[PDB]
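Secondary and tertiary structure notes
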Amino acid sequence: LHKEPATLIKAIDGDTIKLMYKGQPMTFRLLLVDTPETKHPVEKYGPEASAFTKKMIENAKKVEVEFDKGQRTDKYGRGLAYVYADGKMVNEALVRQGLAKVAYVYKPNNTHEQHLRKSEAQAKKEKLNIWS
Ligand SMILES: Cc1cn([C@H]2C[C@H](OP(=O)(O)O)[C@@H](COP(=O)(O)O)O2)c(=O)[nH]c1=O
Ligand SMILES: [Ca+2]
C-alpha cells in the first residue's frame, strides 16, 4: 500500500468525507469502520463522531488517502481508503476514541484490520463513548 495526496472539500459525517483526488471531486468512505448514523432515516455518538472527523481533517496540513489491495470504490461510487491527517489515520483515531466500531470488513480490503481491532479493544477496556 501507499499514501497519495488529496485535498479536503467537505466532511459529511464521521466516516464519509468529500475529497479532491487527482483533481476530481470524490466522496470517500473510511475503510473498516462505522461511525454512528446521522443521515439515514440520528444514533448516539453520531454527532460526536462527525465533529471529530471534521475537526481532525479540517486542521490537517496534509491529507492523504491509502487504498487497500482490492476494490477502490463501493457500490455507491465512494472511494474506499484509509485517510490520514498529517500522518495520523482518521479511521484509527475514531476507533481509538470509541466513536466508531470496526465494521464492513470485506476481504481483501482488510490490511489494517488487526491494527484497528487493537485500538477498538483499548477504547472498550477504557469504556469510551460507544463503550460507555
Ligand atoms: C466501508 C464500506 C461500506 N460499504 C457499503 C456497505 C453498506 O452498504 P448498504 O447501505 O447497502 O448496507 C454501506 C455502509 O456504509 P455507511 O456505513 O455509510 O452507511 O456502504 C462497502 O460496500 N464497502 C466498504 O468497505
Ligand atoms: Ca456509518
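Structure determination for the deposited model, as stated in its record, used X-ray crystallography, and the stated resolution is 1.6500 Å.

This part is about the site of ligand 1. Around ligand 1 sit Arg29, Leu30, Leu31, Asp34, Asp74, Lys75, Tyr76, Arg78, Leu80, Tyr104 and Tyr106, and those are all the residues in its vicinity. Within the side chain of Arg29, one N or O atom sits 2.8 Å away from an oxygen atom of ligand 1. Note that an oxygen atom of ligand 1 is positioned 2.7 Å from one of the side-chain N or O atoms of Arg78. Burial of ligand 1 by the protein chains amounts to 73% of its free accessible area of 550 Å². More than half of the atoms of ligand 1 fall within 2 Å of the grid points belonging to the largest pocket. Tallied by class, residues from the shell around ligand 1 come to six nonpolar, no polar and five charged.

Turning our attention to the coordination of the calcium ion (ligand 2). Protein-derived coordination of the calcium ion (ligand 2) comes from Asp15 (OD), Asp34 (OD) and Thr35 (O), at a distance range of 1.9 to 2.7 Å. If you list the donors of the calcium ion (ligand 2) from N- to C-terminus, the spacing comes out as D-x18-D-T. Within this pair, whereas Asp15 is found in the loop between β1 (4–11) and β2 (16–21), its partner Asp34 is found in strand β4 (residues 33–34), the two being separated by 19 residues in sequence. Classification of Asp34 by relative accessible area gives partly exposed; the value is 28%.

What follows is about the pairing of β1. Both β1 and strand β5 (residues 63–67) contribute to a ladder of three bridges, which runs antiparallel. Across the sheet, the residue bridging to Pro5 is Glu64, located in β5. Examined bridge by bridge, β1 and β2 share four bridges and lie antiparallel to one another. Paired with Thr7 across the bridge in β2 is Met20.

Considered as a void within the structure, the largest pocket measures approximately 530 Å³ in volume. What lines the largest pocket is a set of 24 residues, and nearest its centre among them are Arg29, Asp74, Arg78, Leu80 and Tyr104. Every element with two or more residues in the lining of the largest pocket is listed here: β3 (24–30) and β4. In terms of residue class, the lining of the largest pocket is made up of 10 nonpolar, five polar and nine charged.

A few words on the packing of aromatic side chains. Applying the stated criterion across every chain yields a total of four aromatic pairs. Aromatic side chains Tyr21 and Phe28 sit 5.9 Å apart centroid to centroid with 85° between the ring planes, which places their arrangement in the edge-to-face category. Looking at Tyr21, the relative accessible area reads 10%, which means it is buried. Of the residues examined, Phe28 reaches a relative accessible area of 1% and is grouped as buried. For the ring pair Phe28 and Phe67, a centre distance of 6.0 Å and an interplane angle of 40° mean the geometry is tilted.

The UniProt feature table records "binding site: Ca(2+)" at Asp15, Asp34 and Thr35. A maximum C-alpha distance of 6.5 Å among these annotated residues, which run over 21 residues, shows that they cluster at one spot. Of the annotated positions named here, the largest pocket is lined by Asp15, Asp34 and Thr35. Judged by its relative accessible area of 2%, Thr35 falls in the buried class. Excluding its chain neighbours within four sequence positions, the residues that come into contact with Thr35 are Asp13, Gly14, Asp15, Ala49, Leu94, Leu99 and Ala100. A distance of 3.0 Å separates polar atoms of two side chains, one belonging to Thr35 and the other to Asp15.

How each quantity is defined
All residue numbers given refer to positions from 1 along each chain's written sequence rather than to the entry's numbering, and residues for which no coordinates exist are omitted. All chains are assigned letters beginning at A, and all ligands numbers beginning at 1, according to the order in which they are written. Processing note: side-chain calculations cover all non-hydrogen atoms of the structure and skip hydrogens and water entirely. Consider each residue's heavy atoms; a residue with any of them within 4 Å of a molecule or strand counts as near. Distance and chemistry together define a polar contact, namely a pair of N or O atoms within 3.5 Å, with one atom able to donate a hydrogen and the other to accept it when in protein, and with adjacent residues in sequence counting only for side-chain atoms on both sides. Where accessible areas are quoted, they stem from the Shrake-Rupley method and a 1.4 Å probe; at the residue level, only the protein chains shown are allowed to cover. Buriedness for pockets is judged along seven lines, at least five of which must meet protein on both sides within 12 Å for an open set on the 1 Å grid over protein atoms alone, while cavities are sets there where a 1.4 Å probe fits but cannot get out, and lining residues have an atom within 4 Å of a point. If over half the atoms of a molecule are within 2 Å of the grid points of a cavity or pocket, the molecule is regarded as sitting in it. Any residue outside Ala, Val, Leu, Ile, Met, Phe, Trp, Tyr, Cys, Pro, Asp, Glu, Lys and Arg is labelled polar, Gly included; the first ten of those are nonpolar and the last four are charged. Because no water is among the atoms considered, metal sites can look incomplete, with donors defined as N, O and S atoms within 2.8 Å of the metal, or 3.2 Å for Na, K and Ca. Note on conventions: DSSP H or I runs of at least 4 residues are helices, E runs of at least 2 residues are strands, and numbering of each starts at the N terminus. Type-normalised accessible area, obtained with a 1.4 Å probe on protein chains alone, sets the label of each residue: buried when under 20%, exposed when over 50%, and partly exposed for intermediate values. Pairing between two strands is assigned when DSSP locates at least 2 bridges connecting them. Grid points are joined across faces, edges and corners, and a volume is the space filled by probe spheres set on the points. Only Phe, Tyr and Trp rings are paired, with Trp represented by its six-membered ring, and only when their centres lie within 6.5 Å; those with planes under 30 degrees apart are stacked, over 60 edge-to-face, the remainder tilted. UniProt positions are given in the numbering used here, feature names are shortened, and annotations may be inferred rather than shown by experiment. Contacts between residues were defined by any pair of non-hydrogen atoms, one from each residue, lying within 4.5 Å.

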